[PDB]
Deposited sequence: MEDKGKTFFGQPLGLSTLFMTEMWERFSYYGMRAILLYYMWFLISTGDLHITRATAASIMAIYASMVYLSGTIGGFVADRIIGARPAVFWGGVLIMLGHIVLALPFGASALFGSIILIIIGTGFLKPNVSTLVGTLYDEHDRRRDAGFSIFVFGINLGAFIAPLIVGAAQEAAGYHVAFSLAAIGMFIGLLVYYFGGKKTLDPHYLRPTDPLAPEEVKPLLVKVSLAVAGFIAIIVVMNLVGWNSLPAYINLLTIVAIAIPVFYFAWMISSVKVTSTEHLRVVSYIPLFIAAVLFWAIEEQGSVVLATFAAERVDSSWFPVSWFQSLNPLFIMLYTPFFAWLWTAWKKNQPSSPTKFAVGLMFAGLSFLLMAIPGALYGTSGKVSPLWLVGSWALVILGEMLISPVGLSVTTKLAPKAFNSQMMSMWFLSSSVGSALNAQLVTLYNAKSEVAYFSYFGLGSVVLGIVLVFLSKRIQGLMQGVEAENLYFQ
């Protein structure tokens, strides 16, 4: 007996992640509109631009947090408690928004979810690995199934949580996100005790006695430096929310920049390609979400439901490309070539979105099929770059590996700056330029492709 050919324990981790992703993308699909609401009532004193900026830097920090949680599990608390307590923090984050507060609860929610996801996300993925002996051929299949559970959660949550929001309001919808994580904890806790190795209740590489102090010194100096920067910021009068967002942008970009400088050259165009690609892919929940609400005739259905298109297309495309990369025996494109083309599709997905405004004006409303087409194109690009991203990075070590996972944090950090440029007046130029820019850089990478596959 198996779960799709895999060890039964995969079913537990599959459902754990399904419900965690349910809670996350449920929250994400209505959080921008929530902020709009809070602005409209005078409760939240920011612009819509800044609110878009918040969505982006929020994602950036969630990704950054994720590149840290593995270390914390492996060296300090253990992967199994990391997933558990991570999930508890996430749940608390959604409960905070379900409570009868307004703008004042936003920051606490965000911090809880940033920390919680940093604990849970890398570490569930680690427990999936543990189901398999070192040389088990099923490993890639198992991970492919696990990812399907991720995508399934991402897909149903906007539908269910978005509907809930429109029927019963924001607080009830947010409480549904909390309940989703709770279900995931239930299944995780009781299902985990049945199938997971007891070894992973503890760190597998605990800090040695002489490793504790230098770690403490490092963290302490980092916190002190960060705090000192904020202090100087407030002294020189740079203390608005955009300023704080800018500080976080700089931190998220500085981190790979320093890693590069420390250290490879061949990787820079690949990494820049990844960054730009994730930028465009992460704007679906921000700029495309805005377009959905403002420019699409969606009067008969919740506009949050558009956020389901991204994981729908991932799910549709995935078995096809799985087959494709095996069927394509002779002259399959190299990984650098995949990045190039992947970025070109991202670019096409924005170029497409420039058409309706150019043709019809930006004052009216256009068909939902423009967005459907846009997501169709960007996910095509995702199928090209995502499955080879870690591989091409690895084959070109622990720090640079993380830079691949960092690419999406950097992409979102960049978004925190760019999405503030988006509005009805700039819509066509915005989609045109960043669309065109991505295509062109994709063409640059094609030129560089031969040199790179060589190295």
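S.K.: What are the unmodelled segments when the structure is compared with the full deposited sequence, in sequence order?
M.R.: Gaps vs deposited seq, in order: 1 to 5, 269 to 281, 415 to 419, 479 to 490.
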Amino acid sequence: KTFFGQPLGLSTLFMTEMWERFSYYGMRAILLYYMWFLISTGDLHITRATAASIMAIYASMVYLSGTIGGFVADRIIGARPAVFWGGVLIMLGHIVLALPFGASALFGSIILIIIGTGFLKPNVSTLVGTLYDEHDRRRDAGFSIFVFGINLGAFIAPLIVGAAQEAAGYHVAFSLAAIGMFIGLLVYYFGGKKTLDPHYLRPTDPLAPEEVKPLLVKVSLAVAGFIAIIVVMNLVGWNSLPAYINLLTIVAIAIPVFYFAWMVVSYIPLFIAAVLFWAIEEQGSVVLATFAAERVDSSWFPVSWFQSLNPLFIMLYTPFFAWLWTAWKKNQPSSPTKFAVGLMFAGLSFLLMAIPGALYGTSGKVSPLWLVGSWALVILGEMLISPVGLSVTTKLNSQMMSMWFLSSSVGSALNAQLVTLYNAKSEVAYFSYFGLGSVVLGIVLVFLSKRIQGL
From here on, numbers count along this sequence of modelled residues.
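In this text, the rigid core denotes the largest set of C-alpha atoms whose superposition between the two forms falls within 1.5 Å.
S.K.: Out of 185 to 193 and 131 to 139, which one drifts farther from the shown form in 8 other deposited structures of this protein in terms of CA positions, with the fit done on the rigid core?
M.R.: Between 185 to 193 and 131 to 139, the one lying farther away in 8 other deposited structures of this protein is 131 to 139.
S.K.: Of the stretches 264 to 272 and 210 to 218, which sits farther from where it is here in 8 other deposited structures of this protein, on average over its Cα atoms, after fitting the core?
M.R.: When 264 to 272 and 210 to 218 are compared in 8 other deposited structures of this protein, the bigger C-alpha shift is seen for 264 to 272.
S.K.: Indicate yes or no: is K330 absent from the model in at least a third of the other PDB entries of this protein that were compared?
M.R.: Yes.
S.K.: With neighbours modelled on both sides, does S398 go without coordinates in a third or more of the other PDB entries compared?
M.R.: Yes, a third or more of the compared structures omit it.
S.K.: Got a sec? Mean C-alpha B-factor, which is higher, 54 to 62 or 387 to 395?
M.R.: Mean C-alpha B-factor is greater for 387 to 395.
S.K.: Averaging C-alpha B-factors over each stretch, which comes out higher, 194 to 202 or 112 to 120?
M.R.: The entry gives the higher C-alpha B-factor average to 194 to 202.
S.K.: Using the entry's values, work out which of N331, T290, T362, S175 has the largest Cα B factor.
M.R.: Across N331, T290, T362, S175, the entry lists the biggest C-alpha B-factor for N331.
S.K.: Between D297, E382, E211, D74, which one tops the list for Cα B-factor in this entry?
M.R.: The listed residue with the largest C-alpha B-factor is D297.
S.K.: Taking the values exactly as deposited, rank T130 by C-alpha B-factor within its chain and report the matching third: lowest, middle or highest.
M.R.: Middle third - that is where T130 ends up once the chain's C-alpha B-factors are sorted.
S.K.: Consider only the C-alpha atoms of the modelled residues in this chain, order them by B-factor as the entry records it, and name the third containing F37: lowest, middle or highest.
M.R.: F37: CA B-factor falls in the middle third of its chain.
S.K.: Please say which third, lowest, middle or highest, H45 falls into when its CA temperature factor is compared across its chain.
M.R.: Answer is highest: the recorded C-alpha B-factor places it there.
S.K.: For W325, does the deposited CA B-factor place it in the lowest, middle or highest third of the chain?
M.R.: Answer is highest: the recorded C-alpha B-factor places it there.
S.K.: Check where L414 lands among this chain's C-alpha B-factors and tell me if it's the lowest, middle or highest third.
M.R.: Tercile = middle for this residue's CA B-factor.
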